[PDB]
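Here's the structure we're looking at; comments come further down.
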């Protein structure tokens, strides 16, 4: 179990795309699952690693961000999630959540956000990251054509798109339908 | 509660304990004598309605292989106090493996009765009880009272009209007397103020056998 | 006398009685044991699917006893399987009601409530629980404000062979005579199959009529 | 614990009476900056003139003046610092004054043993800019513009009522506290008879040196 | 894990959800309980079947009945949601349940068919088949889906009636119907 | 002498609960009415976001209102997490009665003297629920709590509010409040919000 | 039970009573001598049949000494615990803060009463620091302070007058105002890094006799 | 419930705790006792509560330390028990016999806790400690029935403590006593305190703490010796 | 995961390579190891990546609670000591790191291992590459060192470490804690 | 004083005797007779164990707590030992826990006399809220308890009990009014006689 996540934000878009399928071992069970659950018009979170954990973790994230939204009556910052989620991963670390989560909330400055995680908490603002099973396949290539671009969005959509065509025919845990969730100032753009 | 119901009077007297001594003043008379064959303890109990039983709840309850108790005061309180006294004795036997010295069981039980004169939400034990025992070469006759103060005695009395009963015990008796002969002073001091009796000697603790009480 | 642990010299604890007075104020509930079923009426709680409850006395406290009774029915269903009998349920909830009377700190309950249950073996059972924790079976019960005042008309009824079907109207009728009256009625009898349930709205409207 | 027949609790209203034997404190809010101010509350001359303190930091952005029972204040103050750093540890943003005050209000009447007598004046310049939350010992926080807390404070309240200004300038708002503290005090105010602390929109909270206070 | 039944299927019919399952509760190679009915009927319609250690089914049958019985006197999606909470909580202590259950319930024109893995993995899927059909029944379910993207009352019905022939043939055919809660 | 929470009056009921009712009266008024489209809190500035579709209006002492409210938020998340749906309002109000219950039944523990109006949007059509200082709560077509509510109630026997929609409700909610206006609206179209 | 519930006055009962309890204590004079600290106490009530928390911090409590040691023990556990957590020793201020927090705690508590002491916590940092701590939990720095019976009159005696000379102040306050006692007085200068050090009575005669000359 | 509680930890408006004052007065009901230090040993005379014929206070805290218990008997036993425990726990881990001054501070911490909190009655029993701690030699301490302790060269406690201790103020010369002078003064003051001119053997019992040949030993006097001191008293009269 | 530190008469320099890895895959080369606690004293990160962040967040928190309450700076001795205590409790839990406290006090450099090895030297290199970093370090190190010569020394010693250690790649990240306090003296590349 | 179990200046617990007066005001009048071969009880009949029964007499609510405690202990006996608890042992243990009410001032005496009957030959134990228990030969407890005791002292077993209640309450009964329980030598099974 696993599966691939990818995210890039330069200019306003935080393109969080991921494959739908989950495999318990090899027995692809539903081909319709999203990994990139939306949380807020801006927050979108990919989660790869272990679905059973991903579910539980995202419900805990949603509950906690709503608690914040009551406690401060101020929207949950993307930067607050980057510092918050790492502590959530540490809270259950001696028995750990086997989950690699990419955060995509829209900033206060109207820019993209990507925050790489590992199972024990390593938040990283970065221009791109792919996590999951095919991440080793995608990082050098995706880094090469993205990392003097003004973050061109149309070519960037094609650049996000094509690498999952390539990962899907190469790694056996990326495939089926691709779901993309751009995060722009107009909102989440599924 | 958590707050003790024992507090000093303006000159430093434990009022509730003094009232517990008043509860000792009630209850049927008890008597006990250290003779030199063995101690005897005896107490008035009464038919009262003529529908009672006499072997149901003896005031004379053996505690340990050669200790016994006789109480004056409230009967209900005795039933539980005896239980803890037996607890201390059996607990002592599994740790130390000899039936506990008379003086020690009296001391430990005295500490139990002291705890409630300092412990929250509880009144002091009304019961005062003779605790008569014989170890080694000596018959032991003890008096524990409501404050947890205890004294060894050569002869002593409790309950109603102990005040005269002790007086008879110091003039009608002294020194030593063969055990039934020191029971003579029991049966005749008790007379000043049905009856249960129990004796100690060195023959395992014993209830003076009913045909021979007569 | 004012604290629950203390006894007044004469022979009672007056606190328990002051707590009893609370249900002597609130308006009449009236359940009626019947040839089948107990039609609760109160001018209702699904204690269990099996068991209905009709509270009287201050409502705030009454709900907590309802919830405890729901808990009690569930623990019995889990540990034993089989749906709880009312003769045991009354005694359990009544025991919990009784505990308060015994200690100074918690106050006695204000409520008194008639739980009832139709079941196959027992048939209809209509037990009322006092805030003292004195529960008895009944043939009829009526507690509240019009306490003996309702009792004279349930005495006028002779359910022993009245059907539940007359009684669904009669409870509301007794309510109208002792009594504007908001009406509530319940049916628990074998037509309802022991499903605690409110009277069907047309019959309930007819009953007020 | 006993709600009086007239509604409101007893110990709280007695705690409110405890504030009256507490230091006067103006809680100026200029829209530029924050200017918490408090009478030194010194009475004894060999009691130190620079070791007595009335106003404490909580974060680098929130100051906290106190009044009423001075000893009691420090428990709620220390716990406020623990709360703010806990917020920093979990979310990396600093805890805004509305929630810093709220967290302290939550602890205010938790006696199931006795209520605190303290009035507090958090002042913290947070992204909204200046904010000044008064905190009653009734477990009630309220946003303010100018509230002066303590004993001669009722006269400081009404004085503030004429002079309160739309907007306000930082230095001018400071001068308001410097003048009003002479009125509320019995003695003629001296820089060793006040401990002022101010937070300009850009700066981190500063205890004000005395020389500046004479002017 | 102790004695275990397997072979639970589920799949929707438009306005209904067939769920068939054989009735074996084998323990080892021996088929010790060739009588267990694994299809609990939860609510006037919705229902769970279970394929995994049967003790866990008994526990969750009585516990899910607790949640429903409570709430009734106070939806399939909700039952699956909680069921994921239950399967997950037992995994967290590493004292799982070995049960793997399909929850088919017609809710408001929608045939929810959750699947809750023992180790708490969870998703809805239209044509679910739990173990031994999670490699065998599953292509037979899909092959119909590869061709026609939806299944009718009659399609999923016959699909399961044949697929179960593809354990022993003693299976009960529970069928949620617009009403809900049938068993054959 | 019934100055303890446990004690019952020879005359009648526990006096602390009755004194908790008067604790409500020093807090400012708040009015709750509703239509099938939107629930309407109006509060004479007190409205709080309990949930994404539920909001309370405090009256009385603020302290108990926050204590009950801090609980309300956690309880709303309980149903939203465990079962994956919005908490139905009526159940949460039933939890308020349960949490307010403990002081009345016990010693050394004072009652939650806040009176609350829990307006919420609901799947049975929006509901508002006053919760009194005793556990007891009331389903009601319309209600008012806080200072001088009796004038506000008097207006409502003649009142139309289940028909006319949210703009006109609020226009009349302000008229009721006259008998400094925070407004709390939730409906099928929109999440609870503090106008 | 809450003990220190607020009065209808706004005062706290137990706390104000504790303020009058330290007034019965003896006249624990202190002053923060510019060179070094000096502190002292008086009225030992010699029948003739008859503190330091660190090598920096020291204490000169007034009040009822029965409580005062009990406060200082916990204060000493706090000093050593701090030396193990921060590498350096505890500062006088941190001690004063803890003792003040500790005393505060018992007012807001079940069943407890404020510690009746008002400690003159004193100590080098190498600059002298001379705190008062009072039962309320208020702690104030001072440069002179004296708490005790008749100590208030001594503070005023200091106010109008404020190694040999700081000792002259500490003596003078007592040998002019309080009863003349060549043994009752027990002043102890603390040198900069030498631990608080008492003198023999004959060494105190540097001013105990020179005041007789003055 | 707590409406009954009389507090018994309260702080009074006169500024002196109630139970502490009452504890002081309980001891006046307690019978006479006195301990007298010397430069070689420490005496402890005590008077057996009544002479009563048919009945057939000092205890062994250690073999190098011992206590006299004055105020009451039932409480005293618990005090002695706790003293033996503290001393033998200290001997357990530090592996040296407890220094006596410490043992007193420990029990007085336990006593003080009863006044300070918990709403429980305090132990009303003044104690003496005779002992010979390693670091100071012979020493005697008195424990007020609230925490205090005072190293005393001679002291009395019990009935007429005031007259007896005041009698020793001038009648105990400082730093001159051979143990012989300790016996003489002991017998004097205990003689003067009772209305009985001289005292009987069923009245005094004297635990002398003597450094016995490099192993300190406590010994209650053997009654034949008790009567030589009393027989000397009859001629001291 | 190399993090050299050394102190000399004009500062304490703390250089760190930016590579982080899981397996033989390299997730990023962007991390700045020298996690901040204080304007004038700073952390390090060696050993597992998450551990150092978390522990030094707790450290930064506790140093902040201390600086507010005590109303003075926390010292390098005290900072390392609270840190050493806090990491000890999790000894045997595998929370392994090689954090270092650095900062001007004179200068204070205290290496602080995860098993509680709070040792005060002057010259350290911590991590996988440390054995490489050490050998270069000693050869130029003298207390008689200019701020520039020391900059070069920190850069050479990191450069020679990353050259051999497979799990250490990324750019050198000097921080110089001089008298006043730290500055990001260089973040400069290794691929020069 | 007379409110918290403590001793009066006469060495007398007030609350205990108040509990006896509460037993008398329970209004019931139980009698039991110990025949040689049978152990009649008459009055609230209970079956504490299949071989043991008892009749509580006093406060109605109070009876049930000690009934359940009696069943708890009786069952726990067999659980640790494995034979019927003797009637003496059961009465002893219930008396020992009724003393706890008396020793503790927190909680109050439960006013119910407990007339146990059962064969260990036949036993007729009494228990008081005092914590005092004793075997009688022909007990009675209740309202006209003293008036019955005379008639018992003057003294086919069933007749003794029934004529005792008839003569002493001075009323001719209906069979429903007199509940009667017998434990015959051959019938150690507690059984209501069913005149």
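Residue numbers (the authors' numbering), protein chains in the order written: chain M, 8 to 154, 163 to 205; chain B, 5 to 197, 206 to 226; chain G, 8 to 50, 66 to 201, 208 to 237; chain E, 13 to 124, 134 to 236; chain N, 4 to 77, 84 to 175, 183 to 200; chain F, 6 to 50, 62 to 175, 178 to 197, 209 to 224; chain D, 5 to 54, 63 to 137, 140 to 176, 184 to 235; chain C, 2 to 57, 64 to 244; chain L, 1 to 105, 108 to 194; chain A, 10 to 52, 68 to 144, 148 to 182, 193 to 231, 235.
Cβ coordinates follow ideal geometry from the N, Cα and C atoms, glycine included.
For a cutoff of 8 angstroms on Cβ pairs, would you count residue 129 of chain N as touching chain M? Against the fifth chain, residue 129 of chain N aligns to sequence position 120. Closer than 8 angstroms: yes.
Given residue 163 of chain C as reference, the closest of D:54, D:82, D:27 and D:40 once Cα atoms are compared: Working through the eighth chain from its first residue, we reach residue 163 of chain C at position 156. Measuring from the Cα of residue 163 of chain C, the nearest candidate turns out to be D:54.
May I ask you to report which of helix, strand or coil DSSP gives residue 148 of chain N? For this step, residue 148 of chain N is matched to residue 139 along the fifth chain. In the structure shown, residue 148 of chain N sits in a helix (DSSP, three-state: H, G or I).
Cβ-Cβ distance between residue 220 of chain A and residue 162 of chain A below 8 angstroms: Start at 1 with the first residue of the tenth chain, and residue 220 of chain A comes out as number 183. Start at 1 with the first residue of the tenth chain, and residue 162 of chain A comes out as number 135. No, Cβ-Cβ distance for residue 220 of chain A and residue 162 of chain A is not below 8 angstroms.
Could you spell out where the alpha helix (DSSP H) holding residue 152 of chain G opens and where it closes? As a first step, residue 152 of chain G must be located in the third chain, where it is residue number 130. Neither: residue 152 of chain G is in no alpha helix (DSSP H) and is coded neither H nor E.
Measuring only from the beta carbon, is residue 196 of chain G closer than 7 angstroms to any heavy atom that is part of the ligand MG? Of ligands this structure carries none, so the ligand MG is not represented either.
Is it right to say residue 62 of chain C is buried, meaning 16 or more other beta carbons lie within 10 angstroms of its own, or is it exposed? Residue 62 of chain C falls within a stretch that is absent from the model, since chain C runs 57 to 64 with no residues between.
Report the three-state DSSP secondary structure of residue 15 of chain D (helix, strand or coil). Along the seventh chain, one-based indexing puts residue 15 of chain D at 11. Coil.
Return no unless some Cβ of chain F is closer than 8 angstroms to the Cβ of residue 86 of chain N. The residue given as residue 86 of chain N occupies position 77 in the fifth chain. For residue 86 of chain N, the answer is yes, since a Cβ of chain F falls inside 8 angstroms of its Cβ.
Show which residues of chain F have a CB atom less than 7 angstroms away from the CB atom of residue 91 of chain N. As a working mapping, residue 91 of chain N is identified with position 82 in the fifth chain. Those are 98 and 99, listed as they occur along chain F.
For residue 185 of chain L versus residue 4 of chain L, is the C-beta distance shorter than 8 angstroms? As a first step, residue 185 of chain L must be located in the ninth chain, where it is residue number 183. As a first step, residue 4 of chain L must be located in the ninth chain, where it is residue number 4. It is not a contact, given that the beta carbons lie outside the stated cut-off.
Beta-carbon within less than 6 angstroms of residue 181 of chain B's beta-carbon, same chain only, minus the 5 sequence neighbours each way: which residues are those? Looking up residue 181 of chain B in the second chain gives position 177. Excluding sequence neighbours, residue 181 of chain B sits near 39.
Taking the DSSP output, what are the residues bridged to residue 155 of chain F? Position 139 of the sixth chain, counted from the first residue, corresponds to residue 155 of chain F. F:145.
Would you identify the three-state DSSP class for residue 126 of chain L, choosing helix, strand or coil? The residue labelled residue 126 of chain L in the question sits at position 124 within the ninth chain. Strand.
With 8 angstroms as the threshold, decide whether the Cβ of residue 71 of chain G is near any Cβ in chain N. Taking the first residue of the third chain as 1, we reach residue 71 of chain G at position 49. Chain N contact via Cβ: present.
Tell me which residues share the same chain as residue 168 of chain F and place their Cβ nearer than 8 angstroms to its Cβ, disregarding the 5 neighbours each side in the sequence. Translated into positions along the sixth chain, residue 168 of chain F becomes position 152. So the qualifying residues of the chain are 34, 36, 160, 194, 195 and 197.
Compute the Euclidean distance between the alpha carbons of residue 134 of chain M and residue 155 of chain N, then round it to the nearest angstrom. The residue given as residue 134 of chain M occupies position 127 in the first chain. The residue given as residue 155 of chain N occupies position 146 in the fifth chain. Answer to the nearest angstrom: the Cα atoms are 39 angstroms apart.
Rounding to the nearest angstrom, what Cα-Cα distance links residue 57 of chain L and residue 113 of chain E in this structure? Residue mapping note: residue 57 of chain L aligns to position 57 of the ninth chain, counting from 1. Residue mapping note: residue 113 of chain E aligns to position 101 of the fourth chain, counting from 1. The straight-line gap from Cα to Cα measures roughly 24 angstroms.
Please compile the residues from chain N whose C-beta is within a distance smaller than 8 angstroms of the C-beta of residue 18 of chain F. By 1-based counting over the sixth chain, the position of residue 18 of chain F is 13. Residues of chain N passing the Cβ test: none, with the nearest at roughly 28 angstroms.
How far does the alpha helix (DSSP H) with residue 183 of chain E in it reach, from first residue to last? Taking the fourth chain and counting its residues from 1, the one referred to as residue 183 of chain E is at position 162. It spans 174 to 184 - the alpha helix (DSSP H) in which residue 183 of chain E sits, taken as one unbroken run.
Kindly indicate if chain B contains any beta-carbon less than 8 angstroms away from that of residue 27 of chain C. Against the eighth chain, residue 27 of chain C aligns to sequence position 26. Yes, its Cβ sits closer than 8 angstroms to a Cβ of chain B.
On a Cα-Cα basis, can you pick out the residue from N:5, N:6, N:4 and N:11 that is closest to residue 123 of chain N? The count along the fifth chain starts at 1 and reaches residue 123 of chain N at position 114. Among N:5, N:6, N:4 and N:11, the Cα nearest to that of residue 123 of chain N belongs to N:11.
Within the continuous alpha helix (DSSP H) that includes residue 175 of chain G, where are the two ends? Sequence index remark: in the third chain, residue 175 of chain G carries index 153 (1-based). Per DSSP, residue 175 of chain G belongs to the alpha helix (DSSP H) from 173 to 178.
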